[PDB]
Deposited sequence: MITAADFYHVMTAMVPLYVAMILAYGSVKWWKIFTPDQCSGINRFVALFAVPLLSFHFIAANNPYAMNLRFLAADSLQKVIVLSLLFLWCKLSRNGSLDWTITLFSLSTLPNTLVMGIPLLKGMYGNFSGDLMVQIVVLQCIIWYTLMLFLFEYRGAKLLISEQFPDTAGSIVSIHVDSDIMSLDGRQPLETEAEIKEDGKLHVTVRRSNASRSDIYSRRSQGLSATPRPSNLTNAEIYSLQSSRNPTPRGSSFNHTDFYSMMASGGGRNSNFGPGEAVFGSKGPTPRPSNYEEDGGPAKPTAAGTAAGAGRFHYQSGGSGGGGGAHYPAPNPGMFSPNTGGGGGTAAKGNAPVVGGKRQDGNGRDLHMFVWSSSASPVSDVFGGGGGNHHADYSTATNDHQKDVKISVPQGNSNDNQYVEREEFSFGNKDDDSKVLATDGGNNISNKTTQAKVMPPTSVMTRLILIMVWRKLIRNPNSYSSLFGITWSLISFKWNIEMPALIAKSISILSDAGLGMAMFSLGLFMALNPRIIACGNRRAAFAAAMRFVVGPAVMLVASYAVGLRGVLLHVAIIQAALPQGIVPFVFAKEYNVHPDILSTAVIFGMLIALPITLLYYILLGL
């Protein structure tokens, strides 16, 4: 079983996270230090400078030649069992949509791994399980936050064609997009225009206004609009230059010099402190914590803490994990939900209230849940 000293090692690593979150909730709600426009310049700094340098500090120290390949395939099998049962729902049931296929994939299979997940598992099980959580942060930034970006851009590019070309879209040859437009999700006026050719062909051009198609064409429109959203993103330069350095530093034994290693480490020490500070400012700016009713909030904390760790119990036993590697895999599935699935769903308006409960009301009850599996597994 566990000893009473282990309960002090968990509290040593997690009570310093809630202290920086209540000081930011109290300084807006209670004692009123920050104006809501002054409070918007702190979240703008954490999102651009502090956290994309916290993820460089972890990925550049990863050793990609000695990853744990059996643990890392039980994490990539969770997100195929889940993503295939939702495919047998919107293709076989009659009321299945794509607004719910994105939301039920973000709730059940994408937790908060970088800010909360690495200090929590390192205190529960030791310094080897903090080396396994970095291997999961690599696979979310580079695969599962890119597949989810292909779904929001396919959801938006089929609305713009199915609304404006209801009876004609079978004859579209090619679709261009002017470079003024970066997201075609209704925020800009988005005038469209067609070139009628000599034999029933059609050249669609999406423009900026001022006061089904074939799959050889739809897959071309999406890759243009994904590349424009992928180079304006700070987490795609933290993972491009994080992985590229760790492939070189761990083969020829190059150690990064102390001018450059301290120039990065002066801002990334503000990573884990300011991220939890920026997360308590956000739960002070919403009107209520439970912002989606009491039915849709129990639904957000039953996909997250039950259907999560009951589909990595059958995807970790069907691979060959036992002992401690089974216990680390179940506990990291019960982490609260990450923030980047909320950043996407606030922009595209795909249920922004169900994914703002589960980030805020996830964090407040995450600590007596993960300490409830840690007692029950250890028995």
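Residues of the deposited sequence lacking C-alpha coordinates fall in a single stretch, 212-454, numbered from 1.
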